[PDB]
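The residues making up each chain are set out below.
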Amino acid sequence: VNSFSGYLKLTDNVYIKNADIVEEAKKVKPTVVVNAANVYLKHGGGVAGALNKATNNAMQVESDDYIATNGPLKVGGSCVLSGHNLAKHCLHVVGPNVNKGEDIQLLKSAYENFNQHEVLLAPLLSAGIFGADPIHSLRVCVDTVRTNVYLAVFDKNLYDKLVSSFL
Ligand SMILES: C=C(Br)CCC(=O)Nc1ncnc2[nH]c(C)c(C)c12
Ligand SMILES: [Cl-]
């Protein structure tokens with residue numbers, strides 16, 4: 001039993017809800033919140049901009065030190081950093097950004113990072129300003145993640161479309 005509430009069960013291990021991941025994280029304080037990161041950990045907009053703003057820019061300060069030490073992530077890769085006031089940990093995961101021309105096949109590699117964590121609160125990777133089809137992202141999630149994933153979908157219209165079309 002965990003503290004996640006109001007989710008629709010899609011499969012044995014994948015759940016979905018119309019929710020703002022920022023507000024959901026603040027309420028649940030999950031062990032792991034997933035950020036929709038870029039390789040530079042520049043948290044300017046989309047989910048990343050919202051998560052960072054909620055940390056009062058502490059996420060960005062920590063991230064800049066991480067990049068100064070380690071260099072950029074790989075597309076499809078991840079790193080574990082602090083969850084600040086939102087979660088114990090933040091798993092920064094880089095899905096391909098279609099608006100940059102990145103290979104959509106890397107979306108599966110991106111979701112594989114979730115399997116290193118028993119339970120996660122997450123957005124759909126590569127959705128939103130990353131330009132991928134969210135229906136495809138949900139399919140890859142379900143077919144790749146084996147650990148327990150709680151998906152927060154901000155847009156109510158998109159959430160209903162994702163549910164109604166789920167096979
Ligand atoms: C937004 C659209 Br159109 C479709 C993608 C989507 O639902 N992305 C998200 N999913 C969950 N929490 C979220 N918080 C914020 C700020 C975003 C962007 C977000
Ligand atoms: Cl985004």
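Structure determination for this entry is recorded as X-ray crystallography, at 0.9900 Å resolution.

Visitor: Let's hear about the overall build of the protein chain: which residues, and what values?
Guide: When helices and strands are tallied, the protein chain shows 6 helices and 7 strands. The order of helices and strands in the protein chain, counted from the N terminus, is β-β-α-β-α-α-β-β-α-β-α-β-α. For 167 residues, the compact-globule estimate of 2.2 N^0.38 gives 15 Å, and the protein chain sits close to it at 15 Å. Dimensions along the principal axes, computed over C-alpha positions, put the protein chain at roughly 45 × 35 × 30 Å. Per-residue burial over the protein chain gives 51% buried out of 167 residues.

Visitor: Explain the site of ligand 1 to me, and be specific about the residues and the numbers.
Guide: The full set of residues close to ligand 1 is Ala19, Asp20, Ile21, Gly46, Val47, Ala50, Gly128, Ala152, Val153, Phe154, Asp155 and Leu158. In this structure, an oxygen atom belonging to ligand 1 sits 2.9 Å away from a main-chain N or O atom of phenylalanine 154. For ligand 1, whose free accessible area comes to 450 Å², the fraction covered by protein is 74%. Going through the elements one at a time, α2 (46–54) and β7 (148–153) are the ones with two or more residues in the shell around ligand 1. A total of 3 residues in the shell around ligand 1 trace back to one element, the largest contributor, which is α2. Among the residues making up the shell around ligand 1, the classes are represented as 8 nonpolar, 2 polar and 2 charged.

Visitor: Could you give an account of the packing of aromatic side chains, with specific residues and numbers?
Guide: Taken as a whole, this structure holds 5 aromatic pairs when the rule is applied. Consider the rings of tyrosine 15 and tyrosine 150, whose centres lie 4.8 Å apart with planes at 10°: the pair is stacked. Of this pair, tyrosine 15 sits in strand β2 (residues 14–18) while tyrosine 150 sits in strand β7, and the two are 135 residues apart along the sequence. Like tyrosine 15, the residue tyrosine 150 is buried in the burial classification. Judged by centre distance (5.2 Å) and plane angle (70°), the ring pair of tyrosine 111 and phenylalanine 114 falls under edge-to-face.

Visitor: An account of the environment of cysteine 90 is needed here, citing residue identities and associated values.
Guide: With respect to the helices and strands, the residue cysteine 90 is situated in strand β5 (residues 89–93). Relative accessible area serves as the criterion here: at 0%, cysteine 90 is assigned to the buried category. A sequence separation of 25 residues divides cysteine 90 from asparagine 115, and the C-alpha atoms of the two residues are 14 Å apart. If we ignore the near neighbours within four places in the chain, the residues touching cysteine 90 are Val33, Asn35, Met59, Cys79, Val80, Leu81, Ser82 and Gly83.

Visitor: Could you give an account of the nonpolar core, with specific residues and numbers?
Guide: Counting 26 residues, the largest nonpolar core has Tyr111, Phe114 and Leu151 as the members making the most contacts within it. Within the residue set of this core, elements represented by two or more residues are β2, β3 (32–36), β5, α4 (106–112), β6 (119–122), α5 (134–144), β7 and α6 (156–164). Among the elements that line this core, the one with the most residues is α5, at 4 residues.

Visitor: Residues and numbers for the pattern of salt bridges, please.
Guide: Applying the stated criterion across every chain, the model contains 4 salt bridges. Ionic pairing is found between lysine 26 and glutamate 23, a salt bridge with its closest N-O pair at 2.8 Å. Residue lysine 26 and its partner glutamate 23 are located together in helix α1 (residues 21–28), separated by 3 residues, close to a single helical turn. By relative accessible area, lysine 26 is classed as partly exposed at 40%. Using a relative accessible area of 43% as the deciding quantity, one classes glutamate 23 as partly exposed.

The rules behind the values
- Residues numbered from 1 in each chain as written, not as in the entry; some residues may be left out.
- Chains lettered and ligands numbered in written order.
- Heavy atoms only, no water.
- Helix = DSSP H or I, 4+ residues; strand = E, 2+ residues; numbered from the N terminus.
- Rg over C-alpha atoms; globule rule 2.2 N^0.38 Å.
- Buried < 20%, exposed > 50% of the residue type's maximum accessible area, 1.4 Å probe, protein only.
- Near = heavy atom within 4 Å.
- Polar contact = N/O pair within 3.5 Å; in protein donor to acceptor, adjacent residues only side chain to side chain.
- Areas by Shrake-Rupley, 256 points an atom, 1.4 Å probe, with all protein chains shown as cover.
- Nonpolar A, V, L, I, M, F, W, Y, C, P; charged D, E, K, R; others polar.
- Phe/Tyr/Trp six-rings, centres within 6.5 Å; stacked < 30°, edge-to-face > 60°.
- Contact = heavy atoms within 4.5 Å.
- Core = buried A, V, L, I, M, F, W, Y, C linked by side-chain atoms within 4.5 Å.
- Salt bridge = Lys/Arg side-chain N within 4 Å of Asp/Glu carboxyl O.

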